[PDB]
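[1] Sequence unavailable; structure follows:
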DNA sequence: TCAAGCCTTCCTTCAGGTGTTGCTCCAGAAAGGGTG
DNA sequence: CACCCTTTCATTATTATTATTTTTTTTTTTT
């Protein structure tokens, strides 16, 4: 963390005034004569997400040139939000020795090797591969805590 | 007329100076005493001097803020200087008359700043019509350049940041290209950085002058060759001269209003040739742009001992007083003052190593702010973090 | 491709922030308890990294407009200025859930998770409006990445990047504008001013005793209703400030970029604020750079005629069945 | 609709600013502790980014009237000159909460969190008056955008549009004006004068005894007395100002109502200091969406707006203000 | 209602400027330190916006009688001249707080933090006097707007232009007037003049000894100082505006304007500085002044004549009472 | 052509602001009903 | 059955909040 972990707020609401003028103009076909800020299309929603400005360091085994070619397009990281967050100032890949690198700090299967399981790993439901947001692919995994 | 209308490839040597050259070009200055001696060989210019007197900052960065009698006096100056008969007036006098009228016509428009300075010889009347904004002309050079390489010895701020550099030369950001610099180890290898310093803070005081001069006496006693002691002002170097005169005798060289950098440099070669060990109370051009590597031994730099000691007496803050730097400082703030001081100090430290192969080089910093707990001298420490022991 | 819009706000900028912020009458933000305080809604500010000062990174406040406000403003000006006249010159009637998907980022077309084939993903991402944002139950990634409105400020030099050092601000950029509401019954002068009130003098007097009783009861409780007499504060970003706006499009078509350009052609009538009553957030556009090349002129956009022809033939051909098929 | 009215203030302009602000006798504003410091209410300052010198965009103070004050003045001008005069011409009357919503937007604190109806929002935003200022217990967006009144000044070039570079002032626009509260009974020059004051001489001498006790208490310390010596910063008169009154998708009648207000802006005070005639103005021009439609008699142009507002105020009734005014909860 | 009175000051006008000004022997105002400078207060000054080069507008100082000064002057010249005779002849007798609120507009510097009931505000805005000035502890807004007295100048042309181009005057309007307080024990120089002294010649000589000791914080009677006046004879206008006046209130202001002649613009009393003669009164653009007084406008005088009759102090007592 | 100003005054007490002034709302969605 | 109204239920509880302290040089080789 270069910065303290602050918070971002965002809200969502459809503009009711333009909806009313479109309902009169005929461009909107709305049978309901009243909105609802607690639910529905005109719901106002407030939501707060943590915000961190940080140096992000990962460890992996692979070809540096391909990672550079992939990360050249990487304009954002953490959220591909399309709203402006996580813009990459830069990236850097260096080779390091074997005993320094903690590859093991990763979501692992429960049948992993005894030298690969650490203390901060614990048994849970997590994705270990591919789309980590897809809960249908989530498996019984041993994973580290951020 | 003298250069092609479109430059396909432009390479600038020592690009750090180049903007100042533009700042040299777009100042048109009216010199009063050569005019007054030329006309004798009007009373309106004397009234311009009398109204010029009423206006330590004398009207800095003010294009037209105060003009009580400045513009009718300028108009009378223009009309009494341009209507003098060209027939019978001398061939070298018309140069003075024409540069004075060009400077006055630059002054009249109101698109330029006005500055006052006096000569080092005496309190002569010097007046300047200069341009503090320089985006238009240099941008008119960059659309006229296809590609350019700007090479310098202090071009970059910190690592790969050169943002203020493309601010000074007004380089377009789309055409800017920031390459990694080359900072070899042999520039920092033979140089030895000493822990001792002057405990008094530099505050233009005589007690600081005595304690600092006792440290110069220590360094000159331990010097196996020449010593350059760098200052930023005339007053502190005259304080150091008055504190080191009877102490050092013929070993010292001072720079003043009557002692230029070239004369001092020539004396430095002269009494290094005589075998004595000189010290040099240097300022101004002694910071940036002097060759203190000897040309009597080209092939063998391991016997180079012309300058065995560089001592920096104070951090060079407040050195750049130009119109463009004042305007750029007013936008940026304290940061531009700190980074320009870093570039001046890097040019000051670059006088030690000019070629690889030299040995037994000594570097001294006596500013007590450097070794203090202040955070504003933080870059000044990291450059001193490139030396060890 | 990238569009950078440099604008100056004619009026102040106010985008309200969460939390309970209190200011004294002098100006001290967030006082310790035991002293009189004041309600304050500051403009939205993020703590950003700063290499100014030292080489180490320090956390500095930076007062912005959030990027969501930018995204919705760009969206709403495309709907209000080019999309709606095209759809009402044809006679199209949107549905709620398709109107909610086009005008908001909401999934009330079907709250259910609608499956999206890759061919229909491709045919909706190539739509001149729809593929910019997406939204709805498909939850497909829109092509438009709209950044926050960043002021050209020294706290944002990491966000702004090099090149904005000329024409740059520093120091404080927020002013705490104090506003108030007076009870207008106290403003009532005479019988001619009060004759429009049902009851008139009796009703005005009754409200005055009601307000007096409520205020003295509240002050006696200090040693749950509320009156009209209010006096509060809100931090705004200073007017006349220069702002950069980054709009990066992930593999766009010509019609999508043309729609963004025609949004910038007509966004002078739009506002960016939580101050719509006070005309806050009025701005004029000073520069629009496409792929690093500036294109904005004083008489709208001059350049990118291929984008203009593409967006003309795009907004001519739409018949709003694609909006309905995008919703459900 | 983007109305641009350029005004000329005949008298000074005083929109006071909150805060514990002090001034010395010679004029040192906000002086440090340990010196003689005096109360001062500064006028409304807006920090504006400006081009001081060459480049150097910096936050310099301009002196304004806020958009709330100017907007309220517009609200009061069309109300007290067009709306309620033509509304008491027949038997239409409002409730006192409807008066409160017509003058301050809302009728109470703690407004209800329920939304307003779509057809209700639509018919109020098409109203000649209610659509310009939509408050109420259910928040409604006002069609009227009213910008702060800016002096035509060189600190506001990044605020002001083109074509106003001429007739345009520069330099400081304020003056500190000093008002001293003078106890009136020390001006009493005879017992002829004291007859009307109670008790004859005894109550006047009792107030002198009272003043002496308060003076001794304040001096030995170093209620409250009647001496009220103070100074207030004003914006100097004769200035030309710009005022921008925008209307997003306006009805013809609403623009006609703002036009009739601008035609009846005479003898109105802008900001504050009502006792000292502060805020009297003579509007030099109105710019209706780029066109100049002011002569010194009045508007005398754009007959569609005046006809629209005329047929609007003939059909004006109070029931729109009531259905704007009742709380849903 | 618009009231545009046209006065020409017969005497120099001096309205004291707060601060600490200084002047040399000559007209150099606020000298740099080192030269012997004399204390000086100036005429109260207001910057205008005016065109210096006939196209360029600049803040230029103009010397004025302030609006609050003329507001207090109007309060004094209606209160003593018509309000006090109506109170005296009916035997109506105010209180001390009522008198303070009748002049200062506030009985006490502390106001009560309450609003008044509307029937009260309507009654006192119906008042010919209290409706004009308002005030009180509950802050009644008055019906009278009193502007500063403006000399018809180049500077005031952007202030005033309703037919004031020809008789507009150009040039500076100020003058420095000096005053020395001499110790008059240094001027008697006689035994006939010292017989009035209790103690006599020895007492006078002892005062000279104290003057000898103090001349090289007991400050003696010596003083040399100056004050800046407006010149006499130039012609000014005054804006008096009424927001929603009753006919009684405007009749009271008209009756003030009819007896405005023997009153001093508040200023330097002993030098007779405030003297002026009304050249005209424009009444919504209608000139209704004559050399005898105010011709025409009889309904306003009739309304204030009925207004003055039946005047009672019970409203002045109610207005001054706090919570 | 000489005279071509000498001295001394350099402001004194006042003059402290008072009231109000603390935000308001909400950012739920499954429950039955009712209507085309 | 898609379009809405309007009902209904829920258990603990507290409140902290980043903002700054230059020196005054005379270079350079243009028209």
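    Okay, I see it. Numbering: from 1, shown residues only, chains lettered A, B, ... in the order given.

[2] Residue B:64 is in what secondary structure piece?
    In this assignment (DSSP states H and E), residue B:64 forms part of neither any helix nor any strand.

[3] Excluding covalently adjacent residues, which one is nearest to it?
    With sequence-adjacent residues excluded and distances taken as Cβ to Cβ, 6 or more residues apart in numbering or on different chains, residue B:64 is closest to residue B:110, at 5.4 Å. C-betas here are computed from N, CA, C, even on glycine.

[4] and if you look at residue B:289?
    Using Cβ to Cβ, 6+ apart and skipping the chain neighbours, the partner closest in space to residue B:289 is residue B:347 (7.5 Å).

[5] tell me which parts of chain A are close to DNA strand F?
    Counting by Cβ under 7 Å from any atom of the strand, the residues of chain A close to DNA strand F are A:11, A:13, A:36-39, A:43-46.

[6] And those residues, which of them are buried?
    Neighbour counting by 16 or more other Cβ atoms under 10 Å in any protein chain shown classes A:13, A:43 among those as buried.

[7] so which strand or helix has residue B:10?
    Following DSSP H and E, one finds residue B:10 within strand B:7-13.

[8] Chain C against DNA strand G: which residues are in contact?
    C:19-22, C:29-30, C:32-33, C:47, C:59, C:61, C:95-96.

[9] Now with 10 Å, please.
    Selection of chain C residues close to DNA strand G by Cβ under 10 Å from any atom of the strand yields C:17-23, C:27-33, C:37, C:40, C:42, C:45, C:47, C:53, C:58-63, C:95-97, C:108-110, C:155, C:171-172, C:174, C:235, C:328.

[10] now those: which count as buried?
    Buried members of those, counted by 16+ other Cβ under 10 Å: C:17, C:21-23, C:37, C:40, C:42, C:45, C:47, C:59-60, C:62-63, C:95-97, C:108-109, C:155, C:174, C:235.

[11] So which elements touch the helix or strand the residue nearest to residue B:289 falls within?
    For residue B:347, the host element (DSSP H and E) is helix B:334-349. If contacts are counted by 3 or more Cβ pairs under 8 Å, 6 or more residues apart in numbering or on different chains; DSSP states H and E, helix B:334-349 sits against strand B:309-312, helix B:323-332, helix B:378-384.

[12] that older thread, return the list of strands paired to the strand holding residue B:10, each annotated with direction.
    Strand B:7-13 has the following strand partners under DSSP bridges: strand B:145-151 (parallel).

[13] does the helix or strand just after the strand it pairs with come close to chain C?
    Following the chain from strand B:145-151 toward its C-terminal end, the next helix or strand by DSSP H and E is helix B:163-168. Yes - among the residues of helix B:163-168, B:163-164, B:166-167 lie within reach of chain C under Cβ under 8 Å from any Cβ of the partner chain.

[14] Tell me how far the closest residue to DNA strand G within the stretch 201-350 of chain B lies from residue E:311.
    Nearest residue of the stretch 201-350 of chain B to DNA strand G (Cβ to the nearest atom of the strand) works out as residue B:318 at 2.3 Å. Computed as Cβ to Cβ, to the nearest Å, the residue B:318 to residue E:311 distance reads 75 Å.

[15] Repeat that for residue B:346.
    Residue B:346 sits 88 Å away from residue E:311, going by Cβ to Cβ.

[16] how about the strands of chain A, start to end?
    Secondary structure of chain A (DSSP state E): strands at A:6-12, A:28-29, A:45-51, A:108-109, A:122-126, A:139-143.

[17] who's residue C:176 bridged to?
    Bridge pairing for residue C:176 - DSSP bridges - gives residue C:235.

[18] tell me which element residue C:74 is part of?
    helix C:67-78.

[19] In the helix or strand that comes right after that helix, which residues are buried?
    Moving toward the C-terminus from helix C:67-78, the next helix or strand (DSSP H and E) is helix C:84-90. Neighbour-count burial for helix C:84-90 flags C:84, C:86-87 (criterion: 16+ other Cβ under 10 Å).

[20] show me where chain A has helices.
    Ranges of helices in chain A, per DSSP state H, are A:16-25, A:64-71.

[21] Revised request: answer the last question for the stretch 1-150 of chain C.
    Counting by DSSP state H, counting those that start in this stretch, the stretch 1-150 of chain C has helices at residues C:67-78, C:84-90, C:99-103, C:118-125, C:130-133.

[22] Take the ones you listed and write them to a markdown table, including distance to chain B.
    Listed next are the helices of the stretch 1-150 of chain C as a markdown table, based on distance: least, Cβ to the nearest Cβ, whole Å:
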| stretch | distance to chain B |
| --- | --- |
| helix C:67-78 | 22 |
| helix C:84-90 | 35 |
| helix C:99-103 | 36 |
| helix C:118-125 | 29 |
| helix C:130-133 | 26 |
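
[23] Redo the ones you listed as JSON lines? Include distance to residue A:58.
    Formatted as JSON lines, these follow (distance: least, Cβ to Cβ, whole Å):
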{"stretch": "helix C:67-78", "distance to residue A:58": "26"}
{"stretch": "helix C:84-90", "distance to residue A:58": "47"}
{"stretch": "helix C:99-103", "distance to residue A:58": "37"}
{"stretch": "helix C:118-125", "distance to residue A:58": "30"}
{"stretch": "helix C:130-133", "distance to residue A:58": "31"}
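
[24] measure the residue of the stretch 201-350 of chain B found nearest chain A to residue B:374 for me?
    Proximity to chain A, evaluated over the stretch 201-350 of chain B using Cβ to the nearest Cβ, is greatest for residue B:335 at 18.9 Å. Counting by Cβ to Cβ, the gap from residue B:335 to residue B:374 is 15 Å.

[25] Settle it for me: which of the two has more neighbours?
    The neighbour count for residue B:335 versus residue B:374, taken as other Cβ atoms under 10 Å in any protein chain shown, is higher for residue B:335 (18 against 12).

[26] for the more buried one, what are its contacts?
    Residue B:335 makes contact with C:52-53, C:154 under the criterion Cβ atoms under 8 Å, 6 or more residues apart in numbering or on different chains.

[27] Against chain D, how distant is it?
    15 Å (Cβ to the nearest Cβ, to the nearest Å).

[28] Please list all residues in contact with the spatially most central residue of chain B.
    Nearest to the mean C-alpha position of chain B, counting by Cα atoms, centre = their mean, stands residue B:284 at 5.3 Å. Counting by Cβ under 8 Å, 6+ apart, residue B:284 touches B:255, B:261.

[29] Quick check: residue B:82 touching residue B:98?
    No - here residue B:82 does not reach residue B:98: they are 9.5 Å apart, not a contact under Cβ atoms under 8 Å.

[30] which ones are touching residue C:281?
    By Cβ under 8 Å, 6+ apart, the contact set of residue C:281 is C:9, C:11-14, C:271-273, C:275.

[31] Contacting chain D as well, which ones from these?
    Residues of the contacts of residue C:281 in contact with chain D (Cβ under 8 Å from any Cβ): C:11-12, C:271, C:275.

[32] and which of those is nearest to residue B:369?
    Lowest distance from residue B:369 to these (Cβ to Cβ) belongs to residue C:12, with 41.5 Å.

[33] How about the contacts made by that closest one?
    For residue C:12, the contacting residues are C:175, C:177, C:236-239, C:273, C:275, C:280-281, D:46, by Cβ under 8 Å, 6+ apart.
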